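Next comes my_file-v6.pdb, with PDB, C-alpha atoms and all ligand atoms.
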```pdb
ATOM      1  CA  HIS A   1      -5.367  59.726  19.074  1.00  0.00           C
ATOM      2  CA  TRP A   2      -5.993  57.108  16.449  1.00  0.00           C
ATOM      3  CA  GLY A   3      -7.692  53.828  17.184  1.00  0.00           C
ATOM      4  CA  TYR A   4     -10.548  51.548  16.191  1.00  0.00           C
ATOM      5  CA  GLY A   5     -13.538  53.251  17.844  1.00  0.00           C
ATOM      6  CA  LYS A   6     -16.372  55.229  16.227  1.00  0.00           C
ATOM      7  CA  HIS A   7     -14.604  58.506  16.821  1.00  0.00           C
ATOM      8  CA  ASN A   8     -10.965  57.641  16.017  1.00  0.00           C
ATOM      9  CA  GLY A   9     -11.229  54.643  13.668  1.00  0.00           C
ATOM     10  CA  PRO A  10      -9.826  54.036  10.178  1.00  0.00           C
ATOM     11  CA  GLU A  11     -12.174  56.527   8.500  1.00  0.00           C
ATOM     12  CA  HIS A  12     -10.552  59.300  10.575  1.00  0.00           C
ATOM     13  CA  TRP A  13      -6.905  58.377  10.170  1.00  0.00           C
ATOM     14  CA  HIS A  14      -6.394  60.470   7.029  1.00  0.00           C
ATOM     15  CA  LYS A  15      -6.713  63.682   9.064  1.00  0.00           C
ATOM     16  CA  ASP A  16      -3.457  62.949  10.918  1.00  0.00           C
ATOM     17  CA  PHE A  17      -1.922  60.683   8.254  1.00  0.00           C
ATOM     18  CA  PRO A  18      -2.881  61.928   4.783  1.00  0.00           C
ATOM     19  CA  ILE A  19      -1.035  59.024   3.134  1.00  0.00           C
ATOM     20  CA  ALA A  20      -4.122  57.068   4.256  1.00  0.00           C
ATOM     21  CA  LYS A  21      -5.531  58.104   0.846  1.00  0.00           C
ATOM     22  CA  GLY A  22      -2.323  57.183  -0.955  1.00  0.00           C
ATOM     23  CA  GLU A  23      -1.684  55.102  -4.041  1.00  0.00           C
ATOM     24  CA  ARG A  24      -0.472  51.895  -2.363  1.00  0.00           C
ATOM     25  CA  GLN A  25      -2.483  51.471   0.808  1.00  0.00           C
ATOM     26  CA  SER A  26      -3.238  48.226   2.600  1.00  0.00           C
ATOM     27  CA  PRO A  27      -5.120  46.057   3.187  1.00  0.00           C
ATOM     28  CA  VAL A  28      -6.959  45.269  -0.029  1.00  0.00           C
ATOM     29  CA  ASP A  29      -9.543  42.826  -1.244  1.00  0.00           C
ATOM     30  CA  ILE A  30      -7.850  40.003  -3.081  1.00  0.00           C
ATOM     31  CA  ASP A  31     -10.074  39.384  -6.062  1.00  0.00           C
ATOM     32  CA  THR A  32      -8.922  35.885  -6.903  1.00  0.00           C
ATOM     33  CA  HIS A  33     -10.169  35.983 -10.483  1.00  0.00           C
ATOM     34  CA  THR A  34      -8.397  39.301 -11.197  1.00  0.00           C
ATOM     35  CA  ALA A  35      -5.050  38.158  -9.715  1.00  0.00           C
ATOM     36  CA  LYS A  36      -2.619  36.703 -12.238  1.00  0.00           C
ATOM     37  CA  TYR A  37      -0.481  33.631 -11.854  1.00  0.00           C
ATOM     38  CA  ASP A  38       3.138  34.696 -12.228  1.00  0.00           C
ATOM     39  CA  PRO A  39       5.361  31.750 -13.113  1.00  0.00           C
ATOM     40  CA  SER A  40       8.471  33.859 -12.428  1.00  0.00           C
ATOM     41  CA  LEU A  41       7.537  34.027  -8.723  1.00  0.00           C
ATOM     42  CA  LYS A  42       9.728  31.747  -6.624  1.00  0.00           C
ATOM     43  CA  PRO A  43       8.753  29.605  -3.646  1.00  0.00           C
ATOM     44  CA  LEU A  44       8.939  31.515  -0.407  1.00  0.00           C
ATOM     45  CA  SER A  45      11.885  30.665   1.811  1.00  0.00           C
ATOM     46  CA  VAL A  46      10.774  30.884   5.455  1.00  0.00           C
ATOM     47  CA  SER A  47      13.793  30.151   7.674  1.00  0.00           C
ATOM     48  CA  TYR A  48      12.671  30.294  11.285  1.00  0.00           C
ATOM     49  CA  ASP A  49      14.599  27.399  12.888  1.00  0.00           C
ATOM     50  CA  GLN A  50      16.987  29.770  14.683  1.00  0.00           C
ATOM     51  CA  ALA A  51      14.323  32.307  15.658  1.00  0.00           C
ATOM     52  CA  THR A  52      14.791  33.987  19.048  1.00  0.00           C
ATOM     53  CA  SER A  53      11.535  35.260  20.494  1.00  0.00           C
ATOM     54  CA  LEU A  54      11.978  37.663  23.395  1.00  0.00           C
ATOM     55  CA  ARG A  55       8.845  39.319  24.620  1.00  0.00           C
ATOM     56  CA  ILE A  56       5.123  39.789  24.120  1.00  0.00           C
ATOM     57  CA  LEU A  57       3.751  43.352  24.365  1.00  0.00           C
ATOM     58  CA  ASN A  58       0.278  44.848  24.440  1.00  0.00           C
ATOM     59  CA  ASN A  59       0.875  48.087  22.517  1.00  0.00           C
ATOM     60  CA  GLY A  60      -2.743  49.263  22.623  1.00  0.00           C
ATOM     61  CA  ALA A  61      -3.410  48.274  18.992  1.00  0.00           C
ATOM     62  CA  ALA A  62      -2.625  44.560  19.189  1.00  0.00           C
ATOM     63  CA  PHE A  63      -0.156  42.281  20.945  1.00  0.00           C
ATOM     64  CA  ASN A  64       3.283  41.886  19.400  1.00  0.00           C
ATOM     65  CA  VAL A  65       5.561  38.907  19.858  1.00  0.00           C
ATOM     66  CA  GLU A  66       9.007  40.430  19.396  1.00  0.00           C
ATOM     67  CA  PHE A  67      12.191  38.750  18.172  1.00  0.00           C
ATOM     68  CA  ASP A  68      15.917  39.333  18.267  1.00  0.00           C
ATOM     69  CA  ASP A  69      16.539  40.968  14.885  1.00  0.00           C
ATOM     70  CA  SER A  70      20.163  41.949  15.558  1.00  0.00           C
ATOM     71  CA  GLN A  71      21.297  38.958  13.403  1.00  0.00           C
ATOM     72  CA  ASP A  72      19.897  36.853  10.495  1.00  0.00           C
ATOM     73  CA  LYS A  73      18.188  34.299  12.779  1.00  0.00           C
ATOM     74  CA  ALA A  74      14.637  34.286  11.411  1.00  0.00           C
ATOM     75  CA  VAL A  75      14.444  35.401   7.818  1.00  0.00           C
ATOM     76  CA  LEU A  76      12.180  35.535   4.837  1.00  0.00           C
ATOM     77  CA  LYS A  77      13.673  35.356   1.342  1.00  0.00           C
ATOM     78  CA  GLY A  78      12.629  34.283  -2.113  1.00  0.00           C
ATOM     79  CA  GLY A  79       9.086  34.619  -3.350  1.00  0.00           C
ATOM     80  CA  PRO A  80       8.782  38.130  -4.844  1.00  0.00           C
ATOM     81  CA  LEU A  81      11.626  39.402  -2.684  1.00  0.00           C
ATOM     82  CA  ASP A  82      15.058  40.637  -3.524  1.00  0.00           C
ATOM     83  CA  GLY A  83      17.344  40.193  -0.567  1.00  0.00           C
ATOM     84  CA  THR A  84      16.937  39.071   3.014  1.00  0.00           C
ATOM     85  CA  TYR A  85      14.250  40.209   5.413  1.00  0.00           C
ATOM     86  CA  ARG A  86      14.549  39.736   9.196  1.00  0.00           C
ATOM     87  CA  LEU A  87      11.599  38.912  11.418  1.00  0.00           C
ATOM     88  CA  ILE A  88      11.091  41.650  14.003  1.00  0.00           C
ATOM     89  CA  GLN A  89       7.609  40.866  15.348  1.00  0.00           C
ATOM     90  CA  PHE A  90       4.302  39.206  14.682  1.00  0.00           C
ATOM     91  CA  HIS A  91       0.821  40.173  15.731  1.00  0.00           C
ATOM     92  CA  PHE A  92      -2.827  39.598  14.846  1.00  0.00           C
ATOM     93  CA  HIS A  93      -5.900  41.573  13.935  1.00  0.00           C
ATOM     94  CA  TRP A  94      -9.269  40.118  14.924  1.00  0.00           C
ATOM     95  CA  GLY A  95     -12.955  40.723  15.259  1.00  0.00           C
ATOM     96  CA  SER A  96     -15.710  40.855  17.804  1.00  0.00           C
ATOM     97  CA  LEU A  97     -17.368  37.948  15.923  1.00  0.00           C
ATOM     98  CA  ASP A  98     -15.955  35.024  13.927  1.00  0.00           C
ATOM     99  CA  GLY A  99     -17.235  36.515  10.656  1.00  0.00           C
ATOM    100  CA  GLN A 100     -14.934  39.530  10.756  1.00  0.00           C
ATOM    101  CA  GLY A 101     -11.442  40.425  11.882  1.00  0.00           C
ATOM    102  CA  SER A 102      -9.119  40.066   8.920  1.00  0.00           C
ATOM    103  CA  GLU A 103      -7.638  43.075   7.159  1.00  0.00           C
ATOM    104  CA  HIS A 104      -7.242  41.538   3.737  1.00  0.00           C
ATOM    105  CA  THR A 105     -10.304  39.878   2.287  1.00  0.00           C
ATOM    106  CA  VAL A 106     -10.591  37.194  -0.365  1.00  0.00           C
ATOM    107  CA  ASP A 107     -13.375  37.814  -2.888  1.00  0.00           C
ATOM    108  CA  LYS A 108     -14.812  40.031  -0.138  1.00  0.00           C
ATOM    109  CA  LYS A 109     -14.716  37.195   2.421  1.00  0.00           C
ATOM    110  CA  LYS A 110     -13.549  38.331   5.853  1.00  0.00           C
ATOM    111  CA  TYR A 111     -11.795  35.832   8.090  1.00  0.00           C
ATOM    112  CA  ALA A 112     -11.951  35.735  11.904  1.00  0.00           C
ATOM    113  CA  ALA A 113      -8.431  37.063  12.210  1.00  0.00           C
ATOM    114  CA  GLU A 114      -5.196  37.730  10.349  1.00  0.00           C
ATOM    115  CA  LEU A 115      -1.625  37.100  11.431  1.00  0.00           C
ATOM    116  CA  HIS A 116       1.126  39.467  10.325  1.00  0.00           C
ATOM    117  CA  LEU A 117       4.762  38.369  10.505  1.00  0.00           C
ATOM    118  CA  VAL A 118       6.674  41.594   9.952  1.00  0.00           C
ATOM    119  CA  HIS A 119      10.148  41.502   8.408  1.00  0.00           C
ATOM    120  CA  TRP A 120      12.562  44.226   7.348  1.00  0.00           C
ATOM    121  CA  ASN A 121      15.104  44.373   4.542  1.00  0.00           C
ATOM    122  CA  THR A 122      18.561  43.957   6.037  1.00  0.00           C
ATOM    123  CA  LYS A 123      20.232  46.173   3.483  1.00  0.00           C
ATOM    124  CA  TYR A 124      18.636  49.153   5.197  1.00  0.00           C
ATOM    125  CA  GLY A 125      20.366  48.379   8.493  1.00  0.00           C
ATOM    126  CA  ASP A 126      17.469  49.037  10.872  1.00  0.00           C
ATOM    127  CA  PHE A 127      13.677  48.938  10.860  1.00  0.00           C
ATOM    128  CA  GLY A 128      13.412  52.718  11.121  1.00  0.00           C
ATOM    129  CA  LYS A 129      15.370  53.156   7.913  1.00  0.00           C
ATOM    130  CA  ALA A 130      13.527  50.287   6.242  1.00  0.00           C
ATOM    131  CA  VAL A 131      10.085  51.860   6.690  1.00  0.00           C
ATOM    132  CA  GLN A 132      11.295  54.860   4.672  1.00  0.00           C
ATOM    133  CA  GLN A 133      11.931  52.663   1.589  1.00  0.00           C
ATOM    134  CA  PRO A 134       9.455  51.289  -0.974  1.00  0.00           C
ATOM    135  CA  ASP A 135      10.918  47.800  -0.497  1.00  0.00           C
ATOM    136  CA  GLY A 136      11.741  48.120   3.195  1.00  0.00           C
ATOM    137  CA  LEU A 137       9.382  45.549   4.702  1.00  0.00           C
ATOM    138  CA  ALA A 138       7.944  42.165   3.831  1.00  0.00           C
ATOM    139  CA  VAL A 139       4.826  41.158   5.720  1.00  0.00           C
ATOM    140  CA  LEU A 140       3.647  37.561   5.632  1.00  0.00           C
ATOM    141  CA  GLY A 141      -0.103  37.556   6.171  1.00  0.00           C
ATOM    142  CA  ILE A 142      -1.989  34.441   7.200  1.00  0.00           C
ATOM    143  CA  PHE A 143      -5.760  34.181   7.601  1.00  0.00           C
ATOM    144  CA  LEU A 144      -7.347  32.519  10.648  1.00  0.00           C
ATOM    145  CA  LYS A 145     -10.614  30.611  10.411  1.00  0.00           C
ATOM    146  CA  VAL A 146     -12.445  29.117  13.346  1.00  0.00           C
ATOM    147  CA  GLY A 147     -12.541  25.339  13.624  1.00  0.00           C
ATOM    148  CA  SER A 148      -9.978  23.008  15.156  1.00  0.00           C
ATOM    149  CA  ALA A 149      -7.449  24.423  17.596  1.00  0.00           C
ATOM    150  CA  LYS A 150      -3.984  25.494  16.408  1.00  0.00           C
ATOM    151  CA  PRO A 151      -1.599  23.774  18.845  1.00  0.00           C
ATOM    152  CA  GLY A 152       1.258  26.154  18.073  1.00  0.00           C
ATOM    153  CA  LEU A 153      -0.880  29.134  19.013  1.00  0.00           C
ATOM    154  CA  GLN A 154      -1.754  27.954  22.502  1.00  0.00           C
ATOM    155  CA  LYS A 155       1.430  29.275  24.177  1.00  0.00           C
ATOM    156  CA  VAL A 156       0.466  32.740  22.881  1.00  0.00           C
ATOM    157  CA  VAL A 157      -3.159  32.437  24.058  1.00  0.00           C
ATOM    158  CA  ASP A 158      -2.126  31.296  27.503  1.00  0.00           C
ATOM    159  CA  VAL A 159       0.057  34.335  28.273  1.00  0.00           C
ATOM    160  CA  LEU A 160      -2.517  36.993  27.280  1.00  0.00           C
ATOM    161  CA  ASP A 161      -3.895  37.221  30.832  1.00  0.00           C
ATOM    162  CA  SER A 162      -0.537  38.711  31.826  1.00  0.00           C
ATOM    163  CA  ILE A 163      -0.649  41.533  29.223  1.00  0.00           C
ATOM    164  CA  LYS A 164      -4.286  42.527  29.438  1.00  0.00           C
ATOM    165  CA  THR A 165      -3.828  46.282  29.117  1.00  0.00           C
ATOM    166  CA  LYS A 166      -1.856  48.729  27.015  1.00  0.00           C
ATOM    167  CA  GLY A 167       1.814  48.954  27.896  1.00  0.00           C
ATOM    168  CA  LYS A 168       2.076  45.586  29.619  1.00  0.00           C
ATOM    169  CA  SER A 169       4.682  43.087  28.493  1.00  0.00           C
ATOM    170  CA  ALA A 170       5.907  39.657  29.472  1.00  0.00           C
ATOM    171  CA  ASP A 171       8.879  37.409  28.759  1.00  0.00           C
ATOM    172  CA  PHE A 172       8.131  35.231  25.758  1.00  0.00           C
ATOM    173  CA  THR A 173      11.267  33.254  24.993  1.00  0.00           C
ATOM    174  CA  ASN A 174      11.612  29.991  23.095  1.00  0.00           C
ATOM    175  CA  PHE A 175       8.511  30.422  20.976  1.00  0.00           C
ATOM    176  CA  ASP A 176       8.621  28.781  17.573  1.00  0.00           C
ATOM    177  CA  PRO A 177       6.649  30.713  14.956  1.00  0.00           C
ATOM    178  CA  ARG A 178       6.780  27.764  12.554  1.00  0.00           C
ATOM    179  CA  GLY A 179       3.836  26.461  14.592  1.00  0.00           C
ATOM    180  CA  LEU A 180       1.638  29.251  13.191  1.00  0.00           C
ATOM    181  CA  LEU A 181       2.141  28.402   9.489  1.00  0.00           C
ATOM    182  CA  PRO A 182      -0.303  26.481   7.309  1.00  0.00           C
ATOM    183  CA  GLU A 183       0.870  23.455   5.308  1.00  0.00           C
ATOM    184  CA  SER A 184       1.140  25.270   1.961  1.00  0.00           C
ATOM    185  CA  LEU A 185       3.158  28.413   1.321  1.00  0.00           C
ATOM    186  CA  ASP A 186       1.256  29.311  -1.873  1.00  0.00           C
ATOM    187  CA  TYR A 187       0.650  33.071  -1.833  1.00  0.00           C
ATOM    188  CA  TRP A 188      -0.588  36.272  -3.375  1.00  0.00           C
ATOM    189  CA  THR A 189       1.683  39.297  -3.458  1.00  0.00           C
ATOM    190  CA  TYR A 190       1.276  43.028  -4.092  1.00  0.00           C
ATOM    191  CA  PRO A 191       2.942  46.316  -3.041  1.00  0.00           C
ATOM    192  CA  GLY A 192       1.262  48.075  -0.136  1.00  0.00           C
ATOM    193  CA  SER A 193       1.586  49.730   3.231  1.00  0.00           C
ATOM    194  CA  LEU A 194       1.549  49.459   6.986  1.00  0.00           C
ATOM    195  CA  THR A 195      -2.093  48.980   8.024  1.00  0.00           C
ATOM    196  CA  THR A 196      -1.784  51.201  11.104  1.00  0.00           C
ATOM    197  CA  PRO A 197      -0.470  54.760  11.378  1.00  0.00           C
ATOM    198  CA  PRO A 198       1.844  56.024  10.033  1.00  0.00           C
ATOM    199  CA  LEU A 199       0.544  53.932   7.083  1.00  0.00           C
ATOM    200  CA  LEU A 200       3.896  54.108   5.308  1.00  0.00           C
ATOM    201  CA  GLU A 201       4.020  52.643   1.804  1.00  0.00           C
ATOM    202  CA  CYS A 202       6.997  50.389   2.443  1.00  0.00           C
ATOM    203  CA  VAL A 203       5.571  46.856   2.376  1.00  0.00           C
ATOM    204  CA  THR A 204       5.763  43.930   0.004  1.00  0.00           C
ATOM    205  CA  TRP A 205       2.700  41.936   1.044  1.00  0.00           C
ATOM    206  CA  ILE A 206       2.807  38.162   0.847  1.00  0.00           C
ATOM    207  CA  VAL A 207      -0.597  36.723   1.793  1.00  0.00           C
ATOM    208  CA  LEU A 208      -0.863  32.961   2.117  1.00  0.00           C
ATOM    209  CA  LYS A 209      -3.643  31.198   0.233  1.00  0.00           C
ATOM    210  CA  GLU A 210      -4.272  28.618   2.987  1.00  0.00           C
ATOM    211  CA  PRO A 211      -5.787  29.832   6.261  1.00  0.00           C
ATOM    212  CA  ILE A 212      -4.864  28.278   9.550  1.00  0.00           C
ATOM    213  CA  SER A 213      -7.599  26.942  11.792  1.00  0.00           C
ATOM    214  CA  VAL A 214      -7.854  28.119  15.381  1.00  0.00           C
ATOM    215  CA  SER A 215     -10.502  27.150  17.915  1.00  0.00           C
ATOM    216  CA  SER A 216     -13.344  29.368  19.050  1.00  0.00           C
ATOM    217  CA  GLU A 217     -11.767  29.352  22.517  1.00  0.00           C
ATOM    218  CA  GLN A 218      -8.399  30.552  21.215  1.00  0.00           C
ATOM    219  CA  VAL A 219      -9.818  33.573  19.397  1.00  0.00           C
ATOM    220  CA  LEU A 220     -12.222  34.235  22.282  1.00  0.00           C
ATOM    221  CA  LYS A 221      -9.169  34.820  24.438  1.00  0.00           C
ATOM    222  CA  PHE A 222      -7.823  37.474  22.020  1.00  0.00           C
ATOM    223  CA  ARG A 223     -11.103  39.338  22.614  1.00  0.00           C
ATOM    224  CA  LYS A 224     -10.498  39.575  26.371  1.00  0.00           C
ATOM    225  CA  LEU A 225      -7.550  41.905  25.832  1.00  0.00           C
ATOM    226  CA  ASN A 226      -8.009  45.650  26.416  1.00  0.00           C
ATOM    227  CA  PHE A 227      -7.236  48.700  24.240  1.00  0.00           C
ATOM    228  CA  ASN A 228      -6.967  50.785  27.419  1.00  0.00           C
ATOM    229  CA  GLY A 229      -4.247  51.049  30.049  1.00  0.00           C
ATOM    230  CA  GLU A 230      -4.563  49.645  33.545  1.00  0.00           C
ATOM    231  CA  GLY A 231      -6.791  51.833  35.704  1.00  0.00           C
ATOM    232  CA  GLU A 232      -8.738  53.186  32.745  1.00  0.00           C
ATOM    233  CA  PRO A 233     -12.263  52.316  31.632  1.00  0.00           C
ATOM    234  CA  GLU A 234     -12.253  48.877  30.007  1.00  0.00           C
ATOM    235  CA  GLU A 235     -12.495  48.843  26.235  1.00  0.00           C
ATOM    236  CA  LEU A 236     -12.210  45.317  24.810  1.00  0.00           C
ATOM    237  CA  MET A 237      -9.534  44.897  22.146  1.00  0.00           C
ATOM    238  CA  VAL A 238     -11.773  43.719  19.308  1.00  0.00           C
ATOM    239  CA  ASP A 239     -12.196  44.789  15.669  1.00  0.00           C
ATOM    240  CA  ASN A 240      -8.629  46.100  15.509  1.00  0.00           C
ATOM    241  CA  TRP A 241      -8.636  45.755  11.722  1.00  0.00           C
ATOM    242  CA  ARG A 242      -8.441  48.333   8.958  1.00  0.00           C
ATOM    243  CA  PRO A 243     -10.933  47.644   6.149  1.00  0.00           C
ATOM    244  CA  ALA A 244      -9.903  47.042   2.552  1.00  0.00           C
ATOM    245  CA  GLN A 245      -8.628  50.080   0.663  1.00  0.00           C
ATOM    246  CA  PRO A 246      -8.812  50.807  -3.089  1.00  0.00           C
ATOM    247  CA  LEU A 247      -6.391  48.810  -5.214  1.00  0.00           C
ATOM    248  CA  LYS A 248      -5.792  51.753  -7.556  1.00  0.00           C
ATOM    249  CA  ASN A 249      -2.980  51.112 -10.033  1.00  0.00           C
ATOM    250  CA  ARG A 250      -1.813  47.788  -8.672  1.00  0.00           C
ATOM    251  CA  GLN A 251      -1.911  44.154  -9.687  1.00  0.00           C
ATOM    252  CA  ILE A 252      -2.012  41.195  -7.331  1.00  0.00           C
ATOM    253  CA  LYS A 253       0.155  38.274  -8.465  1.00  0.00           C
ATOM    254  CA  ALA A 254      -0.415  34.624  -7.476  1.00  0.00           C
ATOM    255  CA  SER A 255       2.368  32.088  -6.972  1.00  0.00           C
ATOM    256  CA  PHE A 256      -0.028  29.284  -7.839  1.00  0.00           C
ATOM    257  CA  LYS A 257      -2.406  28.241 -10.592  1.00  0.00           C
TER
HETATM  258 ZN    ZN A 301      -0.875  44.002  11.241  1.00  0.00          ZN
END
```
Encoded form using structure tokens:
Amino acid sequence: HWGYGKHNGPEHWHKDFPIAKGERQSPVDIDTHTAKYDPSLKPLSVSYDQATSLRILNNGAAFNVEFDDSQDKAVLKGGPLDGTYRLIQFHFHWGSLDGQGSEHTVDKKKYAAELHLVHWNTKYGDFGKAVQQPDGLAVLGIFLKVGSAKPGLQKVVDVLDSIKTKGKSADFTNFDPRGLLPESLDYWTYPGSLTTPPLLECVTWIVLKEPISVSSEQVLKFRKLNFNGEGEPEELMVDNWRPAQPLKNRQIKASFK
């Protein structure tokens, strides 16, 4: 099955998921000088004060921190969005080295990692219905660079030992995702897709201009995770990123000048 190895990586995904060669695939390179400032874009509204985190799961592709999305407790609104989008989970993509790991790139620059806060449009009732709609999901993407530690990430880093292998989970209550945001919510936005199979073209991407800084030790700990299940040969969970895909007939809009 699909993965991030030589034999099942992104270049192979189209054989099982032909939408991999679709018209609105993600990620993309954000060419900052081709993007256009759109003064009609509103400030993002990130309302996470009442967020209820539940669990952290190694799903074999990344680790997901999952939230209670049965009510409007942690929501994204505004920006390019029409309506209310509920946070369901966040996860990261990262590299084997600090110079790669992000899915989106900025003028071809790759960051060490990229955080995805995944939200679904409440008018569609459930996430499964939402992924079948062109405006079903809103994903807030945040780049990670290596420098000073991110204090609000350390609770995540410290629990990874307990979910080393695929299928493992652990309680992860009372986590505040506001601690993973940069200072500025300036962003780029474009229509795209899930970046893992089934690669559905259901996402409004909102990628923050300002990276967060994490320490070398924090991202090092991501790299100790395993793609494999317990009892199987150890395959480090590194380079779990899809490379940039062609922009095709899309425009990237900037919320800032
Ligand atoms: Zn992702």
Selection under test: the PyMOL selection byres (((chain A and resi 200) around 9) and not hetatm); residues as a ChimeraX atom specification: /A:19-20,25,131-134,192-199,201-203
Residues matched by the PyMOL selection byres (((chain A and resi 30) around 8) and not hetatm), written as an MDAnalysis selection string: chainID A and resid 28:29 31:32 35 104:108 252
Protein and nucleic acid residues within 12 Å of ligand ZN 301 (chain A) (all atoms listed in the file) as a PyMOL selection string: chain A and resi 26-27+61-65+89-94+101-104+113-119+138-143+193-197+199+203+205+207+240-243
Contacts of residue 251 (chain A) at 9 Å (only C-alpha atoms; same-chain gap of 6+ positions) as a ChimeraX atom specification: /A:34-36,189-191
Length of the CA of residue 53 (chain A) to CA of residue 161 (chain A) vector [Å]: 18.7 Å
CA of residue 246 (chain A) to CA of residue 15 (chain A), straight-line distance in Å: 17.8 Å
Sphere at (4.0, 29.9, -15.9), radius 10 Å, counting all atoms listed in the file: residues as a PyMOL selection string: chain A and resi 37-41+255-257
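Counting from CA of residue 5 (chain A), the distance to CA of residue 233 (chain A) is 13.9 Å.
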Sel. within 12 Å of pt (-10.3, 30.4, 23.4), counting only C-alpha atoms, output as a ChimeraX atom specification: /A:98,146-151,153-158,160-161,214-224
Quick one: contact table of region 3-102 of chain A to region 172-178 of chain A, 9 Å max, nearest atom pair and distance in Å to one decimal per residue, counting only C-alpha atoms, chain and number order, as JSON lines?
```
{"residue": "A:46", "atom": "CA", "partner": "A:178", "partner_atom": "CA", "distance": 8.7}
{"residue": "A:47", "atom": "CA", "partner": "A:178", "partner_atom": "CA", "distance": 8.9}
{"residue": "A:48", "atom": "CA", "partner": "A:178", "partner_atom": "CA", "distance": 6.5}
{"residue": "A:49", "atom": "CA", "partner": "A:176", "partner_atom": "CA", "distance": 7.7}
{"residue": "A:50", "atom": "CA", "partner": "A:176", "partner_atom": "CA", "distance": 8.9}
{"residue": "A:51", "atom": "CA", "partner": "A:176", "partner_atom": "CA", "distance": 7.0}
{"residue": "A:52", "atom": "CA", "partner": "A:174", "partner_atom": "CA", "distance": 6.5}
{"residue": "A:53", "atom": "CA", "partner": "A:173", "partner_atom": "CA", "distance": 4.9}
{"residue": "A:54", "atom": "CA", "partner": "A:173", "partner_atom": "CA", "distance": 4.7}
{"residue": "A:55", "atom": "CA", "partner": "A:172", "partner_atom": "CA", "distance": 4.3}
{"residue": "A:56", "atom": "CA", "partner": "A:172", "partner_atom": "CA", "distance": 5.7}
{"residue": "A:65", "atom": "CA", "partner": "A:172", "partner_atom": "CA", "distance": 7.4}
{"residue": "A:66", "atom": "CA", "partner": "A:172", "partner_atom": "CA", "distance": 8.3}
{"residue": "A:67", "atom": "CA", "partner": "A:173", "partner_atom": "CA", "distance": 8.8}
{"residue": "A:90", "atom": "CA", "partner": "A:177", "partner_atom": "CA", "distance": 8.8}
```
The PyMOL selection byres (((chain A and resi 126) around 12) and not hetatm) applied to the shown file, residues as a VMD selection string: chain A and resid 69 to 71 85 to 88 119 to 125 127 to 133 136 to 137
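Among the candidates A:23, A:2, A:81, A:76, the residue lying nearest to residue 247 (chain A) is A:23 (atoms considered: all atoms listed in the file).
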May I ask you to restore N, CA, C and O atoms in region 228-238 of chain A and write the result as a PDB file, in the frame of the given file?
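out-v2.pdb, written as the output of this step:
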```
ATOM      1  N   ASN A 228      -7.305  49.783  26.412  1.00  0.00           N
ATOM      2  CA  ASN A 228      -6.967  50.785  27.419  1.00  0.00           C
ATOM      3  C   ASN A 228      -5.791  50.359  28.288  1.00  0.00           C
ATOM      4  O   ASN A 228      -5.440  49.184  28.339  1.00  0.00           O
ATOM      5  N   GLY A 229      -5.207  51.328  28.997  1.00  0.00           N
ATOM      6  CA  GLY A 229      -4.247  51.049  30.049  1.00  0.00           C
ATOM      7  C   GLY A 229      -4.907  50.582  31.341  1.00  0.00           C
ATOM      8  O   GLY A 229      -6.121  50.739  31.540  1.00  0.00           O
ATOM      9  N   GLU A 230      -4.105  49.988  32.218  1.00  0.00           N
ATOM     10  CA  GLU A 230      -4.563  49.645  33.545  1.00  0.00           C
ATOM     11  C   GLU A 230      -5.102  50.887  34.266  1.00  0.00           C
ATOM     12  O   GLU A 230      -4.508  51.972  34.206  1.00  0.00           O
ATOM     13  N   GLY A 231      -6.230  50.736  34.941  1.00  0.00           N
ATOM     14  CA  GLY A 231      -6.791  51.833  35.704  1.00  0.00           C
ATOM     15  C   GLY A 231      -7.711  52.726  34.896  1.00  0.00           C
ATOM     16  O   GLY A 231      -8.303  53.664  35.423  1.00  0.00           O
ATOM     17  N   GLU A 232      -7.838  52.436  33.607  1.00  0.00           N
ATOM     18  CA  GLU A 232      -8.738  53.186  32.745  1.00  0.00           C
ATOM     19  C   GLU A 232      -9.984  52.372  32.440  1.00  0.00           C
ATOM     20  O   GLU A 232      -9.993  51.138  32.595  1.00  0.00           O
ATOM     21  N   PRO A 233     -11.046  53.048  31.985  1.00  0.00           N
ATOM     22  CA  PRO A 233     -12.263  52.316  31.632  1.00  0.00           C
ATOM     23  C   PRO A 233     -11.972  51.215  30.602  1.00  0.00           C
ATOM     24  O   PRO A 233     -11.275  51.435  29.614  1.00  0.00           O
ATOM     25  N   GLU A 234     -12.538  50.044  30.836  1.00  0.00           N
ATOM     26  CA  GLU A 234     -12.253  48.877  30.007  1.00  0.00           C
ATOM     27  C   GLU A 234     -12.933  48.944  28.643  1.00  0.00           C
ATOM     28  O   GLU A 234     -14.139  49.058  28.522  1.00  0.00           O
ATOM     29  N   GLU A 235     -12.098  48.849  27.625  1.00  0.00           N
ATOM     30  CA  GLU A 235     -12.495  48.843  26.235  1.00  0.00           C
ATOM     31  C   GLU A 235     -11.915  47.563  25.622  1.00  0.00           C
ATOM     32  O   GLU A 235     -10.702  47.477  25.430  1.00  0.00           O
ATOM     33  N   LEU A 236     -12.740  46.573  25.320  1.00  0.00           N
ATOM     34  CA  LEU A 236     -12.210  45.317  24.810  1.00  0.00           C
ATOM     35  C   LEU A 236     -11.467  45.520  23.499  1.00  0.00           C
ATOM     36  O   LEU A 236     -11.935  46.259  22.624  1.00  0.00           O
ATOM     37  N   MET A 237     -10.322  44.857  23.374  1.00  0.00           N
ATOM     38  CA  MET A 237      -9.534  44.897  22.146  1.00  0.00           C
ATOM     39  C   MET A 237     -10.151  43.921  21.153  1.00  0.00           C
ATOM     40  O   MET A 237      -9.830  42.732  21.135  1.00  0.00           O
ATOM     41  N   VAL A 238     -11.089  44.453  20.374  1.00  0.00           N
ATOM     42  CA  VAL A 238     -11.773  43.719  19.308  1.00  0.00           C
ATOM     43  C   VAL A 238     -11.937  44.645  18.102  1.00  0.00           C
ATOM     44  O   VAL A 238     -11.955  45.868  18.248  1.00  0.00           O
TER      45      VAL A 238
END
```
